[PDB]
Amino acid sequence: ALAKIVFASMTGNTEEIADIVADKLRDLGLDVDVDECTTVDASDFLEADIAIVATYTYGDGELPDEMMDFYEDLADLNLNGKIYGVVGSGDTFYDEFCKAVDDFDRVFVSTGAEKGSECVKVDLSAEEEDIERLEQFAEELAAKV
């Protein structure tokens, strides 16, 4: 099984998170590809069994600037028969805490993809609690095979 993870990160918190999920999925025996959102087409997800987005949230528009194209292209795919999950970094200072995660979640649902595990929202940098959640997120997605 192949999981594709696509991330946006300006200061590294979301990339670490993406890398944490990827390391775990690899240790569980999956093929995994990790890409920066600017370098890849959303349609590469058609080739994977699991599609994952890792995003931060930035301002009232929520989506990072660089993620916009990818979001719009994702929203045009049919991903019935794929499994998806969403993770993110934000800042609990905002009531719109990890909103871009909820945005990607509802776009995924539109595509026909089946949610594989609850989405994980991380407050700034990841610490131990974030790690057991992200670890569980990966265990649960591997289990749906």
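Counting begins at 1, following the sequence as shown.
If you average the C-alpha B-factors over 52-60 and over 25-33, the higher value belongs to 25-33. When 5-13 is weighed against 122-130, 122-130 comes out higher, by mean CA B-factor as recorded in the entry. Within the group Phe70, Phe93, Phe104, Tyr84, the record's highest C-alpha temperature factor is found at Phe93. In this PDB entry, the Cα temperature factor of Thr111 sits in the middle third of its chain's modelled residues.
Ranked by C-alpha B-factor against the other modelled residues of its chain, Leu46 falls in the highest third. Per the PDB record, residue ranking by Cα B-factor puts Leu77 in the middle third of the chain.
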